[PDB]
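Encoded as structure tokens, the following chain is the form deposited in one PDB entry, with no partner shown.
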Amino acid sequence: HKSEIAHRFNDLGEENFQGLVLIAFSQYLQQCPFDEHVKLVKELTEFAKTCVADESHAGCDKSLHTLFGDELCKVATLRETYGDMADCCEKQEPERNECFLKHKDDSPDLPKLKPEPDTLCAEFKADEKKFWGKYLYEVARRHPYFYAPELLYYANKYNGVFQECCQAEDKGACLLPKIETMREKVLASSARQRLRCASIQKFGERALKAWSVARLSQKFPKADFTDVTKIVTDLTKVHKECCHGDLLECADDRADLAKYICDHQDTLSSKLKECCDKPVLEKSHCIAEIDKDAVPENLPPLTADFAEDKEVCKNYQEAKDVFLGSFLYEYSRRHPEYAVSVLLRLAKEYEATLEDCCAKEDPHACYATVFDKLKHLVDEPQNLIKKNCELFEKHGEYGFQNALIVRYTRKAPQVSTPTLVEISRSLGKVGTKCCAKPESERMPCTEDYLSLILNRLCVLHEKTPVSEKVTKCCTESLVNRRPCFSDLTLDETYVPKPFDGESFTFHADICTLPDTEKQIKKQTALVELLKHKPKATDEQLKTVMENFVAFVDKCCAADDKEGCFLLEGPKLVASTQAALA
């Protein structure tokens, strides 16, 4: 189209248009305040509108990378706030856009948000619009790769929370669960996009194509390899656009593809029609989290075409990727009960087998027992799952998190305490999310969550790396990632660097803090505990813990509280090191 900025503006409409641009500024300039971004955003909103009314106008044919970038440039505090990011502005497109993206901070250390029901309802009634885009600021800046069309849907679900709720009699009781459920779903969607972008970047497009193949085949097991491949081809393009910070394109192509899929409903899945009349964003979200359709009844056994045919090697040498793309679709549309990562890992084994049989005298011999060999690859990861859930059953989440602290602290004690804690506290939650569903959802569940939390870890680590073992697992095949991390053992090499003089001691804030912060506080002790003596007994650990709990209990029940903590504090530091040797 002859003016892009305005091509897009009619394409999306003033609201989602302004959404998207604010998301783009807030992911560029994570540290600039929200009124700053509110301005940069109406200037390009005005200018856009101009290119709607006089398309030949001065500057309308420009690209968005020059248009956006042109405004990052009139943010005078780029040195102060982002260092050499202001050097970015000096450069020409496409380098200035190359450079701005570098400065994306995956771990921005801004204040966690404590939702206060009366302040938020007051903010909401006072300014609906500013409230909405405030939610877009907050999430987007803490989550610089958040899926932009998806963000806009959640801002919409968010404000509609403050719509149902601020009204009601007990405001808090109405708000607080709903915004907490929504907060979990948001974080989840944030990790999954973050997984996509780090796949595109550390591992090549194709690698991501496999994921969308097996996952999309599981959802629409009644559609073509052709058809599937077609969507996966537009999906990949959307997803690429976002991660590159081309949000407008992104949402627009996600719009088209959703049209497209809703157009081909029966060819794909009975389920689509539910989704197919909701407006663009509720439509796009519904389709993406859409239910697994059921496999058609009379499909032939995988064994014919991949294990008994005698043209299996020939096929496999003429068109490897195709044959293995087709195996992946074929295997996938058939086992909705398997973790996407597991399938790929099955795909890979199948491959390495053919790579070995197809060179024998009798390949058909060597390879006709493949699917059996593959049925057993699933049962060991199942082993871990179930063991990890029992552990969670007998201990409950907080207990289970503390076991994961212990384990993983030992694996990688050079990793930072915040990271071991966040990572360990989320591995705890998977216990809650998954352990209870019927197994036909369980394994996908657990492995879904695993992949997102490991990829979280990997993204923090590559920012400031401190474990070779860690960098390895992060940096080989995604498909081997949980394996590698599950196989890690204590760094028999790590020194108990003392972390001494700097000591970890409590104060009376723990009395007042919401239950999770107390946990974080305690867990950070657990970690630093282990960092200082990596060999320490399970029971050793367990008694030391039983004491902090005694210690805070006594001290949160005293009338003067910090006074207690300043008094009996030292004696826990003595009590503990002798416990330790």
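Take the two forms, superpose them, and find the largest set of C-alpha atoms that agree within 1.5 Å; that set is the rigid core. Quick note: we count residues from 1 along the sequence shown, nothing fancier.
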- Query: Would 365-373 or 138-146 have the larger average of its C-alpha temperature factors, as given in the entry?
  - Reply: 365-373
- Item | 295-303 or 323-331, whichever carries the higher mean Cα B-factor | 295-303
- Note on the structure: Among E116, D266, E422, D246, the highest C-alpha B-factor in the PDB entry belongs to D266
- Query: In this PDB entry, which of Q92, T432, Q401, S486 has the top CA B-factor?
  - Reply: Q92
- Message: Please place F47 in the lowest, middle or highest third of its chain according to the CA B-factor in the PDB entry.
- Response: highest
- Message: Looking at the temperature factor on the CA atom of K554, which third of the chain's modelled residues does it land in?
- Response: middle
- Name the third of the chain's ranked CA B-factors that contains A53, choosing lowest, middle or highest. highest
- Message: Quick check on the deposited entry: does the C-alpha B-factor of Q540 sit in the lowest, middle or highest third of its chain?
- Response: highest
- Would the CA B-factor of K209 place it in the lowest, middle or highest third of its chain? lowest
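The discussion below concerns the form deposited in another entry, not included here.
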- Query: Once everything's superposed on the core, is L299 shifted 2 Å or more at the Cα between this form and the one not shown?
  - Reply: no
- Message: With both forms fitted on the core, check whether the Cα of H65 differs by 2 Å or more between this form and the one not shown.
- Response: no
- Query: With the core lined up, does the C-alpha of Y154 move 2 Å or more between this form and the one not shown?
  - Reply: no
